[PDB]
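Peer 1: My structure is below; once you've seen it, I'll send some questions.
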2 protein chains.
Amino acid sequence: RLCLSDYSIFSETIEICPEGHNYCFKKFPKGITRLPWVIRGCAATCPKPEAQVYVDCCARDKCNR
Amino acid sequence: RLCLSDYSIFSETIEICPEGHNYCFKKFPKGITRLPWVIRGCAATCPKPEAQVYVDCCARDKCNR
């Protein structure tokens, strides 16, 4: 499985997932619009979210944008 | 298309991409901070990544920094 590490304009950073990891996730904060941190990577299971955080979880190549 | 071959301070090494190659890429390892190798060049398609490697893939002149 291939996930994105970063995504912008069209600049995407691509990684190949470890064995058994077939999910791509994206983590971002809930009340931030003024240039928020965003976290991406591979996962064996959809990451559980934290207090003020959403996690996108998807299962296709380079899906977490 | 023009891609970077090397980039630093402000010293950039510039190349002109072959016909049909309109992507610039950048390849770098995943757990290395202590002066890592970095690979840059032109591409017809975004290079697939390797085990412990990220590949940036972008589509503008001299975009892979």
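Going through the structure tokens in order, the chains are called A, B, and so on, while each chain numbers its residues from 1 and the ligands are numbered from 1 in the order shown.
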Select residues of chain B: the criterion is any atom within 10 Å of an atom of chain A, counting only C-alpha atoms; output as a list in words.
Peer 2: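 That gives the following set of residues: residues 24, 25, 26, 27, 30, 46, 47, 48, 49, 50, 51, 52, 53, 54, 55, 56, 57, 58, 59, 60, 63 and 64 of chain B.
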Peer 1: Residues of the last selection are to be written out with N, CA and C atoms, as a compact mmCIF listing (two decimals), in the first residue's frame.
Peer 2:
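Saved the output as part_25.txt:
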```
# COMPACT_ATOMS: atom_id res chain seq x y z
N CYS B 24 9.44 16.42 -11.75
CA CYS B 24 10.70 16.47 -11.03
C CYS B 24 10.49 15.64 -9.78
N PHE B 25 11.48 14.86 -9.37
CA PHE B 25 11.30 14.09 -8.14
C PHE B 25 12.43 14.40 -7.17
N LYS B 26 12.22 14.03 -5.91
CA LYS B 26 13.27 14.05 -4.90
C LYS B 26 13.19 12.82 -4.00
N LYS B 27 14.29 12.09 -3.89
CA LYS B 27 14.33 10.86 -3.12
C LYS B 27 15.23 11.01 -1.88
N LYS B 30 14.27 7.55 5.19
CA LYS B 30 13.26 7.90 6.19
C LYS B 30 13.72 8.11 7.63
N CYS B 46 5.80 9.72 -11.52
CA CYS B 46 6.28 9.74 -10.14
C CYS B 46 6.90 8.40 -9.79
N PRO B 47 8.20 8.40 -9.44
CA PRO B 47 8.91 7.19 -9.04
C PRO B 47 8.19 6.49 -7.91
N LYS B 48 8.11 5.17 -7.93
CA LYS B 48 7.55 4.45 -6.80
C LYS B 48 8.59 4.43 -5.69
N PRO B 49 8.14 4.60 -4.43
CA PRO B 49 9.11 4.62 -3.33
C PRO B 49 9.59 3.23 -2.95
N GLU B 50 10.70 3.21 -2.23
CA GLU B 50 11.34 2.00 -1.72
C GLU B 50 11.16 1.95 -0.20
N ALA B 51 11.48 0.80 0.39
CA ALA B 51 11.28 0.51 1.82
C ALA B 51 11.37 1.72 2.74
N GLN B 52 12.60 2.17 3.00
CA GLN B 52 12.78 3.27 3.93
C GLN B 52 13.12 4.51 3.15
N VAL B 53 12.24 4.87 2.22
CA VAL B 53 12.48 6.02 1.37
C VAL B 53 11.18 6.78 1.09
N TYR B 54 11.25 8.11 1.13
CA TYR B 54 10.20 8.98 0.60
C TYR B 54 10.56 9.45 -0.81
N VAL B 55 9.57 9.66 -1.68
CA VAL B 55 9.83 10.32 -2.97
C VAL B 55 8.87 11.50 -3.07
N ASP B 56 9.43 12.68 -3.27
CA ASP B 56 8.62 13.84 -3.56
C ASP B 56 8.45 13.80 -5.06
N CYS B 57 7.26 14.14 -5.52
CA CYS B 57 7.02 14.23 -6.94
C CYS B 57 6.22 15.50 -7.20
N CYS B 58 6.76 16.38 -8.05
CA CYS B 58 6.11 17.65 -8.35
C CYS B 58 6.26 17.95 -9.84
N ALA B 59 5.54 18.97 -10.33
CA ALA B 59 5.41 19.21 -11.76
C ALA B 59 5.53 20.69 -12.13
N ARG B 60 6.54 21.34 -11.59
CA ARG B 60 6.85 22.71 -11.95
C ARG B 60 8.36 22.87 -12.07
N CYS B 63 11.10 22.59 -8.96
CA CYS B 63 10.23 22.42 -7.80
C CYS B 63 10.74 21.46 -6.73
N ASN B 64 11.56 20.49 -7.11
CA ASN B 64 12.02 19.50 -6.14
C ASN B 64 13.13 19.98 -5.20
```
Peer 1: For residue 19 (chain B), list every protein, DNA or RNA residue within 12 Å, evaluated using only C-alpha atoms, and leave out those in the same chain fewer than 4 positions away; present the list as a list in words.
Peer 2: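 The neighbour list is residues 1, 2, 23, 42, 43 and 44 of chain B.
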Peer 1: Would you mind exporting the chosen residues as an mmCIF file, in the first residue's frame, restricted to N, CA and C atoms?
Peer 2:
```cif
data_model
loop_
_atom_site.group_PDB
_atom_site.id
_atom_site.type_symbol
_atom_site.label_atom_id
_atom_site.label_comp_id
_atom_site.auth_asym_id
_atom_site.auth_seq_id
_atom_site.Cartn_x
_atom_site.Cartn_y
_atom_site.Cartn_z
ATOM 1 N N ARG B 1 10.711 20.723 -19.259
ATOM 2 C CA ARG B 1 10.640 20.841 -17.810
ATOM 3 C C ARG B 1 12.043 20.909 -17.257
ATOM 4 N N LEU B 2 12.189 21.740 -16.235
ATOM 5 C CA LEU B 2 13.449 21.913 -15.541
ATOM 6 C C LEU B 2 13.347 21.437 -14.117
ATOM 7 N N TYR B 23 7.862 15.642 -14.856
ATOM 8 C CA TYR B 23 7.895 15.572 -13.404
ATOM 9 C C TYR B 23 9.312 15.751 -12.891
ATOM 10 N N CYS B 42 14.643 14.163 -13.150
ATOM 11 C CA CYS B 42 13.438 14.272 -13.965
ATOM 12 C C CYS B 42 12.739 12.919 -14.007
ATOM 13 N N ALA B 43 11.453 12.922 -14.337
ATOM 14 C CA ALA B 43 10.670 11.693 -14.413
ATOM 15 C C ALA B 43 9.477 11.836 -15.354
ATOM 16 N N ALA B 44 9.114 10.744 -16.016
ATOM 17 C CA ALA B 44 7.922 10.741 -16.850
ATOM 18 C C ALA B 44 6.715 10.433 -15.979
#
```
Peer 1: How many Å separate CA of residue 22 (chain B) from CA of residue 37 (chain B)?
Peer 2: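 For CA of residue 22 (chain B) relative to CA of residue 37 (chain B), the distance reads 23.6 Å.
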Peer 1: Pull the strand (DSSP E) assignments for chain A out of DSSP run on the backbone, and list those residues as a PyMOL selection string.
Peer 2: chain A and resi 2-7+11-16+23-29+39-43+53-58
